[PDB]
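Shown below, as structure tokens, is a lone chain in the form deposited in one PDB entry; questions about how it binds or moves come after it.
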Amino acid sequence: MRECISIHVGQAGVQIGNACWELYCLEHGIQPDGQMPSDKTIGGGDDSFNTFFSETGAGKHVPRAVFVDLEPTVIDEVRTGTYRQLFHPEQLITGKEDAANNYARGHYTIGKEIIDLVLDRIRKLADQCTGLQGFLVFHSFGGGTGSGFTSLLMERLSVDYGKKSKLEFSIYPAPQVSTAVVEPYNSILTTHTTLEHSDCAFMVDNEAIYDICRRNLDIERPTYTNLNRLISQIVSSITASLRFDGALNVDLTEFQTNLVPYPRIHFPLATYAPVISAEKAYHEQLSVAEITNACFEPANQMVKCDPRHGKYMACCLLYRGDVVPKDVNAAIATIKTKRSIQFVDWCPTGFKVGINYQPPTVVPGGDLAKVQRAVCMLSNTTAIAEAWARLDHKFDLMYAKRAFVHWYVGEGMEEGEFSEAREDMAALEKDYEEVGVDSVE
């Protein structure tokens, strides 16, 4: 069968995985103890879904995941929680000390002494998999682990596994909000190394999801346990065709193709429009047109950027539930008739479309509502260059004075890596501005 390994690196990664696997365990029918109750019915069957869960002969389903944090505080909440009996006990802590929000530590100093032990486990899982396709990585630009250790691991896996998809789901840094002073450095240092190895990096931001949870869901005091539940739905919509049946199916190599024109502009966004409450589950039809128009509103983007300030280059639209393609065609016609939604001249073929039949599942204690139809929109837009223009400027301020640099040098780095990375990002800005130019011979 088909298999996809998930690599949740850092606090953000683990706290997203603890919801993603909470969701997968319900979509398929797995209890937290790993024991499916309704394996009564199989008589064969394939509902022990091999894309995420490996089955063993005792009637148990163990996930294809790896945890690593450089600190036990988060992983040890899994060992002590409700899903302690599911995961293989190789939930790799190495937390004698953490990265201290330093890329210098999570790359060489403490990033090594681990990576052998992570690769030995990834090798053990891959060999347990026949037709493996993809590496779903989960991390955060802004910390040291997610920044440096992920860079190292993606450097290694590009040598050990070669030409296999590597999709990063990353917490992008926000313009105004920040829980750290050294995200502008780590973000650039991670982009410089991951850009040559990754193949499509789906970005999110906490500020946008706060705005969504306020406006739509009516949550004025939201926390991470609301945001990660939505990110889990994004990943499930990405990983639905490999599990459930549909009319238009989508493999992982299709995102790597339909959304990456050039090998450095592989930084798209994410969107999930039906984030309405159970109250507003009524008072709304929730048709394909309403959703498809919501996904193109700059307010319901999961990344804080106005695509009116740029141009769309490609857009995948993954739908779940009672959808008919006539509705999608009508919706896309409405969207193409609109003038605020501009495209590049060299991409007249626009949208990738995908349909799956199984609708989303509601978690108890969640804020979403049971809706018959769901949508996930992942778009590549030049407007994100403006975000890169912000991060590159902050860098220029607190690097002219060489602030916080001695901490990085003190853990195995050089004053030149910063310049290298800044020049690569300045090159990427020009690469984002070039494609926006209209074609003339």
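The first residue of the shown sequence is 1; numbering continues from there. By rigid core we mean the largest C-alpha set that fits within 1.5 Å across both forms.
Keep in mind that the form deposited in another entry is not shown, yet the notes after this line are about it.
Chemist: Which single residue of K166, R243, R105, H266, after superposing the core, moves its CA by 2 Å or more between the shown form and the other one?
Modeler: Shifted by 2 Å or more: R243 only.
Chemist: Once the core is aligned, does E284 move its Cα by at least 2 Å between the shown form and the other one?
Modeler: Where the cores coincide, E284 still shows a C-alpha shift between the shown form and the other one that is 2 Å or more.
Chemist: Taking the rigid core as the reference frame, tell me whether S198 has a CA displacement of 2 angstroms or more between the shown form and the other one.
Modeler: False for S198: its C-alpha shift is below 2 Å.
Chemist: Using a rigid core superposition, assess whether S151 undergoes a CA shift of 2 Å or more between the shown form and the other one.
Modeler: The answer is no, as the C-alpha of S151 shifts between the shown form and the other one by less than 2 Å after core alignment.
Chemist: Closer or farther: how do the Cα atoms of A281 and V204 compare in that other deposited form relative to this form, given a change of at least 3 Å?
Modeler: Between the C-alphas of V204 and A281, the gap widens in that other deposited form (3 Å or more compared with this form).
Chemist: Just to spell it out: taking the C-alpha atom of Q91 and the C-alpha atom of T130, is that distance smaller or larger in that other deposited form than in the structure shown here, given it changes by 3 Å or more?
Modeler: Closer, not farther.
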